[PDB]
Structures are given as C-alpha cells and as structure tokens.
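For reference, the chain that follows is the form deposited in one PDB entry, supplied as structure tokens.
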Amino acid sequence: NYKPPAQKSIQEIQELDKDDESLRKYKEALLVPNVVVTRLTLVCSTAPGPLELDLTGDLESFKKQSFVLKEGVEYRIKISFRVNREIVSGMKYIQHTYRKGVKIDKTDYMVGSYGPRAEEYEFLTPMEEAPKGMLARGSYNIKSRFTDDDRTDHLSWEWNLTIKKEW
C-alpha cells in the first residue's frame, strides 16, 4: 500500500523552506556508489574469536571458507554499511538460507531510511539460534541482499556458516 515519494536530492531538500530556522535545525538533526555495504559480523557471546567479513572487495573468497559456529549457540547478525551522498529510502535486508540445495529459511527486515554520514551504520538483527544435532552439522549457504524503495534489484553477497560440535 505504501508508495514511495518523488526522488529528492539533499540540496532540493535544503532549498525548501530555507528561511525557516526550525526546519533548518530539523534538517541538521537528521543530516563509488551511494550505499556501500562494508562488513558482516556475527555477534556471539560464547565465540572464542571475532567473526567478521570485510565486503569492501575480493567478493570471490566465499565459497572457499566460512564462519564456524558451535551448534545451538545464540547469535545476531550485524551488518555495517556506509551512505555516501544522498538519502536511501526505506532500505530492506533480505536473507535466504540454503541447506544442501534446499531453501530452509527466508527472512527480511525494514532497516530504514538513512542520510549520508562519515561513520558507518550498524544494523543488528534479532537473536537467532545455531542449528544442532547429528543431521544439522556442516554447511549452510547464505544469500544476503539489500534493496530499497528506489531500486527493484539488489546488492548481493553470499556467505557460509559451518556448524560444529565444538568451536
């Protein structure tokens, strides 16, 4: 039902009501491609080392390796990203989990609208539980994707999760 508004640059935005002090503060409070996805992290209390992907290049090094994870552990996924020039409207995160060729999950979150800024943004998912049991160990293939209201295609990368008895 929601219908995205007309594209508007940050300058077109500042030009509007530019003599209104109160709106000037509003815009101040709230404010290479435009959106750059930089890092994927696994936030996990029980993990013996840091679990991170750099996504600023070399996207051809998964599926060669993965994140190892002890079966049954709680964790969140933290994606970092950068907005460089203009507003991204209503950015969405979509995830498809594969096991042995079968799609076992699909999940997607409204991350939101974000203006350009120096420091990267960090988006944290809700808590998830690593699989367990004799039949659920080894590798899961994961297809991560971003999209937004001005774009009907995606930023896509693909990563692996390998579930073990031990860390």
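Each form is matched to the other, and the largest set of C-alpha atoms that superpose within 1.5 Å is called the rigid core. The numbering used is simple: start at 1 and walk along the sequence shown.
One more form of this protein exists, namely the form deposited in another entry; it is left out here, but the text below deals with it.
Relative to the superposed rigid core, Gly133 undergoes a CA displacement of at least 2 Å between the shown form and the other one.
Relative to the shown form, the CA atoms of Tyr98 and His154 are pushed 3 Å or more farther apart in that other deposited form. Between the C-alpha atoms of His154 and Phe81, a gap narrowed by no less than 3 Å is obtained in that other deposited form, as opposed to the form on display.
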